[PDB]
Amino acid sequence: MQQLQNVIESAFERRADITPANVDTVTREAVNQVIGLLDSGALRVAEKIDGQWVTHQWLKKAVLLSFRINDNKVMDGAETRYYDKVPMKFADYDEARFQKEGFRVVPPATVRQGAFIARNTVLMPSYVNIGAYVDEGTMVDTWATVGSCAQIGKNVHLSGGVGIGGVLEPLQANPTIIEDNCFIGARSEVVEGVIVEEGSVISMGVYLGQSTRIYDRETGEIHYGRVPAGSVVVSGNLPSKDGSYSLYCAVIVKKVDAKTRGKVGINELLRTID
């Protein structure tokens, strides 16, 4: 990986001057290799280590560079045409590979090459962008989007119309991360490297970014950037000092319980069979 990491970090510095025509064979083959590993799950943009999520910036750099080294090509849709430079992950798969890989892909769900999809996941019509990692047993419901380099844990349920922030535009320092066993309610959005800790339940229409106050009504504590494991979060507002208006905020109303669990469970019958 040093043999790759090196070439990669070298080119990034020259990013604005590289183009699909002036790029040297070395750098091209390397970025190519790195994208192929992300696509495999062999490498991943962010990892939890010693109980801390860490970002491998050189891997974000390679994702970025792929856009400088590759040229667009016409892609043939059936009733229309496309012109883009990132290949479709599943375009070369056959039943054997799909069977071997063990996930379900509902038309017209789409995934870019360079994204990792784990066994036993179900992708309803949705989008998974380059460099993302989607772990085992997770469902990505209709019109949801897993942003560039985003990290989705095992057994997570991303409801309909949910958006998980990328790192490409706007440019971001760290990917967005949703830990294991979380449920993200319909039309909610999690962006800007916010971390939703495991086993948490985010309600519908909840918008979390670095400037969002996650208010714990119990303790009076206000969080920023992260949702403490096992929380149930809903939309609310906090009043101005004069009380003349109030602004949006996320409110932790309680810890997940049986009652909550009743409404957010994963349906095993929909998962992979034997």
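Sequential numbering from 1, following the sequence displayed. Here, rigid core means the biggest group of C-alpha atoms that superpose within 1.5 Å across both forms.
**Request:** Overlaying the structures in 4 other deposited structures of this protein on the rigid core, point out which of 41-49 and 237-245 has the bigger RMS C-alpha shift.
**Result:** So, of the two stretches, the farther one in 4 other deposited structures of this protein is 237-245.
**Message:** Which of the two stretches, 146-154 versus 164-172, has its Cα atoms farther on average from this form in 4 other deposited structures of this protein when everything is superposed by the rigid core?
**Reply:** Looking at 164-172 and 146-154 in 4 other deposited structures of this protein, the bigger mover is 164-172.
**Request:** Would you tell me which stretch averages the higher CA B-factor in the PDB entry, 243-251 or 201-209?
**Result:** Between 243-251 and 201-209, it is 243-251.
**Request:** May I ask you to compare 227-235 and 212-220 by their mean CA B factor in the entry and name the higher one?
**Result:** Mean B over CA atoms: larger for 212-220.
**Item:** Residue, from 131, 175, 137, 102, that the PDB entry assigns the highest Cα B-factor
**Value:** Of 131, 175, 137, 102, 102 has the highest C-alpha B-factor.
**Asked** What third of its chain, lowest, middle or highest, does the C-alpha temperature factor of residue 98 fall into?
**Response** Highest third, going by the recorded CA B-factors of the chain.
**Relative C-alpha B-factor of residue 73, binned into the chain's lowest, middle or highest third** = It belongs to the highest third of the chain when residues are ordered by C-alpha B-factor.
**Request:** Would you please rank residue 195 by its C-alpha temperature factor against the other modelled residues of its chain and give the third it falls in: lowest, middle or highest?
**Result:** It falls in the middle third of the chain.
**Chain-relative CA temperature factor third for residue 88** = According to the entry, residue 88 has a C-alpha B-factor in the chain's middle third.
**Request:** Among all modelled residues of this chain, ranked by Cα B factor, put residue 141 in the bottom, middle or top third, i.e. lowest, middle or highest.
**Result:** Within its chain, residue 141 is a lowest-third residue by C-alpha B-factor, going by the deposited values.
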